[PDB]
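Asker: This is protein_11.pdb, which holds PDB, C-alpha atoms and all ligand atoms:
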```pdb
ATOM      1  CA  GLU A  16      79.725  81.072  82.978
ATOM      2  CA  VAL A  17      77.232  79.832  80.366
ATOM      3  CA  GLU A  18      74.905  82.257  78.569
ATOM      4  CA  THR A  19      71.682  80.882  77.077
ATOM      5  CA  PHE A  20      70.044  82.582  74.078
ATOM      6  CA  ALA A  21      66.791  82.065  72.207
ATOM      7  CA  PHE A  22      66.957  81.452  68.479
ATOM      8  CA  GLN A  23      64.968  83.840  66.366
ATOM      9  CA  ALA A  24      61.547  82.395  65.560
ATOM     10  CA  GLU A  25      62.364  81.841  61.881
ATOM     11  CA  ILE A  26      65.606  79.976  62.603
ATOM     12  CA  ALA A  27      63.953  77.782  65.222
ATOM     13  CA  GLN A  28      61.334  76.973  62.579
ATOM     14  CA  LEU A  29      64.062  76.021  60.097
ATOM     15  CA  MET A  30      65.716  73.680  62.582
ATOM     16  CA  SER A  31      62.396  72.024  63.420
ATOM     17  CA  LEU A  32      61.780  71.532  59.694
ATOM     18  CA  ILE A  33      65.227  69.957  59.262
ATOM     19  CA  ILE A  34      64.844  67.652  62.258
ATOM     20  CA  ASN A  35      61.276  66.589  61.520
ATOM     21  CA  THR A  36      60.878  66.404  57.711
ATOM     22  CA  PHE A  37      61.298  62.973  56.145
ATOM     23  CA  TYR A  38      64.353  63.299  53.909
ATOM     24  CA  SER A  39      66.676  60.386  53.163
ATOM     25  CA  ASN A  40      69.590  62.242  51.487
ATOM     26  CA  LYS A  41      71.221  63.241  54.785
ATOM     27  CA  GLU A  42      74.841  62.984  53.558
ATOM     28  CA  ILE A  43      74.747  66.522  52.128
ATOM     29  CA  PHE A  44      75.430  67.846  55.615
ATOM     30  CA  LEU A  45      79.122  67.100  55.127
ATOM     31  CA  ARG A  46      79.348  69.026  51.837
ATOM     32  CA  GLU A  47      77.752  72.040  53.538
ATOM     33  CA  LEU A  48      80.133  72.052  56.486
ATOM     34  CA  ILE A  49      83.179  71.539  54.259
ATOM     35  CA  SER A  50      81.957  74.396  52.040
ATOM     36  CA  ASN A  51      81.669  76.602  55.133
ATOM     37  CA  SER A  52      85.212  75.629  56.146
ATOM     38  CA  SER A  53      86.547  76.430  52.674
ATOM     39  CA  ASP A  54      84.893  79.880  52.743
ATOM     40  CA  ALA A  55      86.424  80.575  56.160
ATOM     41  CA  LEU A  56      89.835  79.540  54.835
ATOM     42  CA  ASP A  57      89.386  81.775  51.755
ATOM     43  CA  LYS A  58      88.694  84.709  54.104
ATOM     44  CA  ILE A  59      91.810  84.472  56.257
ATOM     45  CA  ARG A  60      93.953  83.741  53.187
ATOM     46  CA  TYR A  61      92.708  86.902  51.478
ATOM     47  CA  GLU A  62      93.052  89.062  54.597
ATOM     48  CA  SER A  63      96.626  87.811  55.052
ATOM     49  CA  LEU A  64      97.650  89.193  51.646
ATOM     50  CA  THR A  65      97.462  92.735  53.043
ATOM     51  CA  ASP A  66      98.399  91.906  56.656
ATOM     52  CA  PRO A  67     100.734  88.883  56.903
ATOM     53  CA  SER A  68     100.593  88.992  60.715
ATOM     54  CA  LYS A  69      97.046  87.606  60.583
ATOM     55  CA  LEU A  70      98.692  84.173  60.146
ATOM     56  CA  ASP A  71     100.779  84.507  63.320
ATOM     57  CA  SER A  72      98.066  82.291  64.866
ATOM     58  CA  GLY A  73      98.790  79.547  62.327
ATOM     59  CA  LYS A  74     100.114  79.430  58.768
ATOM     60  CA  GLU A  75      98.566  76.119  57.705
ATOM     61  CA  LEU A  76      95.213  76.292  55.900
ATOM     62  CA  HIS A  77      93.515  72.907  56.011
ATOM     63  CA  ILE A  78      90.437  70.863  56.941
ATOM     64  CA  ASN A  79      90.493  67.742  59.126
ATOM     65  CA  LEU A  80      87.659  65.206  59.469
ATOM     66  CA  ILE A  81      87.861  63.293  62.760
ATOM     67  CA  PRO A  82      85.438  60.480  63.602
ATOM     68  CA  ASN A  83      85.260  59.022  67.100
ATOM     69  CA  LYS A  84      83.114  55.919  67.652
ATOM     70  CA  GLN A  85      83.580  55.929  71.446
ATOM     71  CA  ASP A  86      82.038  59.409  71.747
ATOM     72  CA  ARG A  87      79.856  58.970  68.616
ATOM     73  CA  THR A  88      81.090  62.297  67.222
ATOM     74  CA  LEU A  89      82.258  63.534  63.836
ATOM     75  CA  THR A  90      84.419  66.658  64.082
ATOM     76  CA  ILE A  91      85.071  68.992  61.147
ATOM     77  CA  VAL A  92      88.097  71.195  61.945
ATOM     78  CA  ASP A  93      89.352  74.083  59.837
ATOM     79  CA  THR A  94      92.010  76.738  60.389
ATOM     80  CA  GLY A  95      89.945  79.479  58.770
ATOM     81  CA  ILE A  96      89.166  82.981  60.012
ATOM     82  CA  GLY A  97      87.051  81.788  62.952
ATOM     83  CA  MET A  98      84.106  83.528  64.563
ATOM     84  CA  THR A  99      83.844  86.338  67.123
ATOM     85  CA  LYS A 100      81.417  86.338  70.010
ATOM     86  CA  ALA A 101      79.333  88.887  68.064
ATOM     87  CA  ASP A 102      79.233  86.481  65.110
ATOM     88  CA  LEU A 103      78.024  83.670  67.370
ATOM     89  CA  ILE A 104      75.225  85.645  69.055
ATOM     90  CA  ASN A 105      74.217  88.358  66.522
ATOM     91  CA  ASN A 106      75.786  88.490  63.077
ATOM     92  CA  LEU A 107      75.309  84.964  61.721
ATOM     93  CA  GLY A 108      71.686  84.877  62.859
ATOM     94  CA  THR A 109      70.974  88.231  61.193
ATOM     95  CA  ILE A 110      72.206  86.890  57.830
ATOM     96  CA  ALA A 111      70.481  83.559  58.422
ATOM     97  CA  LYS A 112      67.073  85.209  58.900
ATOM     98  CA  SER A 113      66.777  86.351  55.302
ATOM     99  CA  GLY A 114      68.351  83.169  53.926
ATOM    100  CA  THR A 115      65.844  81.038  55.828
ATOM    101  CA  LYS A 116      62.884  83.007  54.478
ATOM    102  CA  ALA A 117      64.207  82.625  50.932
ATOM    103  CA  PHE A 118      64.818  78.891  51.469
ATOM    104  CA  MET A 119      61.336  78.288  52.891
ATOM    105  CA  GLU A 120      59.797  80.057  49.898
ATOM    106  CA  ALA A 121      61.886  77.885  47.561
ATOM    107  CA  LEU A 122      60.892  74.693  49.417
ATOM    108  CA  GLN A 123      57.201  75.529  49.072
ATOM    109  CA  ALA A 124      57.832  76.229  45.366
ATOM    110  CA  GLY A 125      59.318  72.770  44.768
ATOM    111  CA  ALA A 126      62.950  72.875  45.874
ATOM    112  CA  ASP A 127      64.386  70.232  48.183
ATOM    113  CA  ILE A 128      66.524  70.316  51.280
ATOM    114  CA  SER A 129      69.726  69.587  49.307
ATOM    115  CA  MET A 130      69.722  73.153  47.928
ATOM    116  CA  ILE A 131      70.018  74.698  51.410
ATOM    117  CA  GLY A 132      73.542  76.005  50.779
ATOM    118  CA  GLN A 133      72.366  78.289  47.979
ATOM    119  CA  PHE A 134      70.589  80.288  50.710
ATOM    120  CA  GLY A 135      73.531  80.688  53.089
ATOM    121  CA  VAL A 136      72.055  78.519  55.832
ATOM    122  CA  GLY A 137      73.830  75.219  55.131
ATOM    123  CA  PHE A 138      75.230  75.014  58.672
ATOM    124  CA  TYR A 139      71.805  73.991  59.972
ATOM    125  CA  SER A 140      71.912  70.826  57.814
ATOM    126  CA  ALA A 141      74.106  69.456  60.604
ATOM    127  CA  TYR A 142      70.845  68.622  62.371
ATOM    128  CA  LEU A 143      70.024  66.049  59.722
ATOM    129  CA  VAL A 144      72.505  63.744  61.466
ATOM    130  CA  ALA A 145      73.339  65.343  64.854
ATOM    131  CA  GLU A 146      71.253  65.451  68.024
ATOM    132  CA  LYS A 147      73.597  68.154  69.388
ATOM    133  CA  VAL A 148      76.183  70.398  67.728
ATOM    134  CA  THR A 149      79.130  71.976  69.554
ATOM    135  CA  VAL A 150      81.216  74.655  67.815
ATOM    136  CA  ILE A 151      84.609  75.708  69.173
ATOM    137  CA  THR A 152      85.961  78.771  67.427
ATOM    138  CA  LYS A 153      88.778  81.314  67.712
ATOM    139  CA  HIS A 154      89.054  84.565  65.727
ATOM    140  CA  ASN A 155      92.219  86.685  65.808
ATOM    141  CA  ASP A 156      90.263  89.564  67.360
ATOM    142  CA  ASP A 157      88.473  87.675  70.167
ATOM    143  CA  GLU A 158      88.789  84.873  72.718
ATOM    144  CA  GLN A 159      88.108  81.180  72.192
ATOM    145  CA  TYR A 160      84.368  80.371  72.481
ATOM    146  CA  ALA A 161      82.139  77.299  72.643
ATOM    147  CA  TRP A 162      78.696  77.504  71.005
ATOM    148  CA  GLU A 163      76.270  74.637  71.530
ATOM    149  CA  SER A 164      72.696  73.707  70.677
ATOM    150  CA  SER A 165      70.405  70.682  70.799
ATOM    151  CA  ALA A 166      67.722  72.667  68.931
ATOM    152  CA  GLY A 167      64.514  73.097  70.896
ATOM    153  CA  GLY A 168      64.724  76.871  70.462
ATOM    154  CA  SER A 169      67.884  77.817  72.401
ATOM    155  CA  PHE A 170      71.659  77.821  72.187
ATOM    156  CA  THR A 171      74.462  78.539  74.666
ATOM    157  CA  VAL A 172      77.749  80.410  74.413
ATOM    158  CA  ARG A 173      80.592  80.210  76.902
ATOM    159  CA  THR A 174      84.262  81.085  76.980
ATOM    160  CA  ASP A 175      86.148  77.883  76.184
ATOM    161  CA  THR A 176      88.874  76.644  78.545
ATOM    162  CA  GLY A 177      89.924  73.554  76.557
ATOM    163  CA  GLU A 178      92.914  73.023  74.253
ATOM    164  CA  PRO A 179      93.676  76.389  72.591
ATOM    165  CA  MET A 180      93.017  76.147  68.847
ATOM    166  CA  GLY A 181      95.212  78.978  67.542
ATOM    167  CA  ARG A 182      92.650  80.107  64.956
ATOM    168  CA  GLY A 183      89.703  78.571  63.171
ATOM    169  CA  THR A 184      86.582  76.547  63.848
ATOM    170  CA  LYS A 185      85.803  73.042  65.101
ATOM    171  CA  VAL A 186      82.286  71.670  64.495
ATOM    172  CA  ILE A 187      81.523  68.653  66.685
ATOM    173  CA  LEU A 188      78.529  66.621  65.496
ATOM    174  CA  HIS A 189      77.080  64.451  68.293
ATOM    175  CA  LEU A 190      75.415  61.942  66.004
ATOM    176  CA  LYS A 191      71.922  60.529  66.348
ATOM    177  CA  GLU A 192      71.893  56.845  67.275
ATOM    178  CA  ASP A 193      70.814  55.708  63.797
ATOM    179  CA  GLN A 194      73.358  57.872  61.930
ATOM    180  CA  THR A 195      76.612  56.140  62.900
ATOM    181  CA  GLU A 196      77.397  55.343  59.248
ATOM    182  CA  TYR A 197      79.044  58.784  59.098
ATOM    183  CA  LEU A 198      81.748  57.484  61.452
ATOM    184  CA  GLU A 199      82.914  54.851  58.936
ATOM    185  CA  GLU A 200      86.031  55.605  56.905
ATOM    186  CA  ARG A 201      84.664  54.169  53.657
ATOM    187  CA  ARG A 202      81.419  56.166  53.964
ATOM    188  CA  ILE A 203      83.110  59.502  54.661
ATOM    189  CA  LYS A 204      85.560  58.900  51.795
ATOM    190  CA  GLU A 205      82.656  58.221  49.418
ATOM    191  CA  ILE A 206      80.851  61.429  50.411
ATOM    192  CA  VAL A 207      83.942  63.646  50.145
ATOM    193  CA  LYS A 208      84.770  62.177  46.727
ATOM    194  CA  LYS A 209      81.181  62.684  45.542
ATOM    195  CA  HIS A 210      80.493  66.211  46.818
ATOM    196  CA  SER A 211      83.766  67.899  47.788
ATOM    197  CA  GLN A 212      86.393  66.675  45.315
ATOM    198  CA  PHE A 213      87.542  70.137  44.132
ATOM    199  CA  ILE A 214      87.911  71.971  47.443
ATOM    200  CA  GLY A 215      91.117  73.992  47.250
ATOM    201  CA  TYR A 216      92.505  72.960  50.652
ATOM    202  CA  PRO A 217      93.843  69.610  51.909
ATOM    203  CA  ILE A 218      91.089  67.524  53.508
ATOM    204  CA  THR A 219      92.566  64.856  55.814
ATOM    205  CA  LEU A 220      90.240  62.069  56.927
ATOM    206  CA  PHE A 221      91.599  60.790  60.241
ATOM    207  CA  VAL A 222      91.238  57.087  60.975
ATOM    208  CA  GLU A 223      90.262  55.469  64.245
ATOM    209  CA  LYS A 224      92.344  53.269  66.511
TER     210      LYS A 224
HETATM  211  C1  LIG A 301      74.740  80.281  61.834
HETATM  212  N1  LIG A 301      75.640  79.805  62.889
HETATM  213  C2  LIG A 301      75.333  80.146  64.176
HETATM  214  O1  LIG A 301      74.340  80.823  64.432
HETATM  215  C3  LIG A 301      76.339  79.830  65.249
HETATM  216  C4  LIG A 301      77.306  78.718  64.967
HETATM  217  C5  LIG A 301      77.708  78.681  63.519
HETATM  218  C6  LIG A 301      78.892  78.063  63.140
HETATM  219  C7  LIG A 301      79.249  78.001  61.812
HETATM  220 BR1  LIG A 301      80.902  77.199  61.329
HETATM  221  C8  LIG A 301      78.433  78.522  60.826
HETATM  222  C9  LIG A 301      77.241  79.111  61.186
HETATM  223  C10 LIG A 301      76.848  79.156  62.526
END
```
Do you think you could lay out the structure here as structure tokens?
Answerer:
Amino acid sequence: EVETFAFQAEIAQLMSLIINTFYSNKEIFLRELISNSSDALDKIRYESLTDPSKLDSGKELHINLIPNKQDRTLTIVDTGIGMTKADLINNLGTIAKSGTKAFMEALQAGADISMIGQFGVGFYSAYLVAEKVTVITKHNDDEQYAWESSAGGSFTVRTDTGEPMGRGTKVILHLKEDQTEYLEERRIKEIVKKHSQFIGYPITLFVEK
């Protein structure tokens, strides 16, 4: 049972701008997704200080980067707080509406796309390199969900039947044909070292067989 939703007009406009603007410095997408993962990990860590049972779904707090050349995907996995169905359909888009407006105003004033994370909408930088994004997520208070969008104004949400995750979020970037450099070990290592060297959680870059 797949539900299809329309993006708000302003968010659809932001994704079209990201997909269509000429902008060579695409590698910042990885910093933005790792930053998101680190915030989600901060949130479950802090909540667990006053309710230890929130880690019954997994004590390890980490981030894994998994490239797969056969599927042409880069997966960013974290064991953070995860996202509820209401987050996926309502709450994140409500926050993202005001952040997008602020970001668009900044861009017209002279800013560049690399500053997107200062406006809370860094997730959408995934579409610098991905033709489709799939998000699998599990919050302690809800079921496991799959969110998916190839832009074009709509996204889907369904209950996910795959491998149970325990808790956290998996972002699967289905890369554009000319962006396969982000599947190479040496390239991912360079980007993490350059932009994410002080993240307070272990980042494991998986290697391919
Ligand atoms: C803003 N947004 C969405 O609307 C749904 C999927 C998602 C995942 C992560 Br992780 C961060 C933000 C989003």
Asker: Any chance you could work out the residue set of the PyMOL selection byres (((chain A and resi 138-153) around 7) and not hetatm) here, as an NGL selection string?
Answerer: :A and (30 or 33-34 or 41 or 44 or 47-48 or 97-98 or 136-137 or 154-155 or 157-165 or 180-191 or 194)
Asker: Work out how far apart atom CA of residue 88 of chain A and atom CA of residue 169 of chain A are and give it in Å to one decimal.
Answerer: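 Taking atom CA of residue 88 of chain A and atom CA of residue 169 of chain A, their separation equals 21.0 Å.
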Asker: What do you get as a list in words if you pick all residues at most 6 Å from ligand LIG 301 (chain A), counting all atoms listed in the file?
Answerer: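 Listed by chain and ascending number, the contacts are residues 103, 107, 108 and 138 of chain A.
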Asker: For a quick check of understanding, using only C-alpha atoms, which of A:29, A:96, A:89, A:80 has the smallest distance to residue 55 of chain A?
Answerer: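 When distances to residue 55 of chain A are compared using only C-alpha atoms, the smallest one comes from A:96.
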Asker: Go through A:27, A:21, A:218, A:49 and flag the residue nearest residue 116 of chain A, using all atoms listed in the file for the distances.
Answerer: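 Looking at the shortest contact to residue 116 of chain A, the residue is A:27.
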Asker: Considering only C-alpha atoms, can you say which of A:135, A:174, A:220, A:106 comes closest to residue 205 of chain A?
Answerer: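 Using only C-alpha atoms, residue 205 of chain A sits closest to A:220.
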Asker: Select, from A:171, A:52, A:19, A:90, the residue with the minimum atom-to-atom distance to residue 76 of chain A, counting all atoms listed in the file.
Answerer: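 Counting all atoms listed in the file, the residue closest to residue 76 of chain A is A:52.
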Asker: I'd like the interatomic distance between atom CA of residue 119 of chain A and atom CA of residue 42 of chain A, to a tenth of an Å.
Answerer: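 Taking atom CA of residue 119 of chain A as the start and atom CA of residue 42 of chain A as the end point, the length is 20.4 Å.
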Asker: List the residues matched by the PyMOL selection byres (((chain A and resi 74) around 12) and not hetatm) in the displayed structure as a PyMOL selection string, ordered by chain and then by residue number.
Answerer: chain A and resi 56+59-60+63+67-73+75-77+94-96+181-183
Asker: Give me the box for segment 205-209 of chain A as AutoDock Vina command-line options, namely the centre and edge lengths in Å to one decimal of a box along x, y and z that holds every listed atom plus 5 Å on each side.
Answerer:
```
--center_x 82.8 --center_y 60.9 --center_z 48.0 --size_x 13.9 --size_y 15.4 --size_z 14.9
```
Asker: Can you measure atom CA of residue 24 of chain A to atom CA of residue 168 of chain A for me? One decimal in Å is fine.
Answerer: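 Answer for the atom CA of residue 24 of chain A to atom CA of residue 168 of chain A separation: 8.0 Å.
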Asker: Under the PyMOL selection byres (((chain A and resi 201-203) around 12) and not hetatm), which residues of this model are included? Write them out as a ChimeraX atom specification.
Answerer: /A:42-46,79-82,89-91,194-200,204-211,218-222
Asker: Find, counting only C-alpha atoms, the residue in A:129, A:176, A:212, A:53 that gets nearest to residue 40 of chain A.
Answerer: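 Looking at the shortest contact to residue 40 of chain A, the residue is A:129.
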Asker: Using all atoms listed in the file, which of the listed residues (A:134, A:215, A:156, A:192) sits closest to residue 101 of chain A?
Answerer: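 Nearest candidate to residue 101 of chain A out of A:134, A:215, A:156, A:192: A:156.
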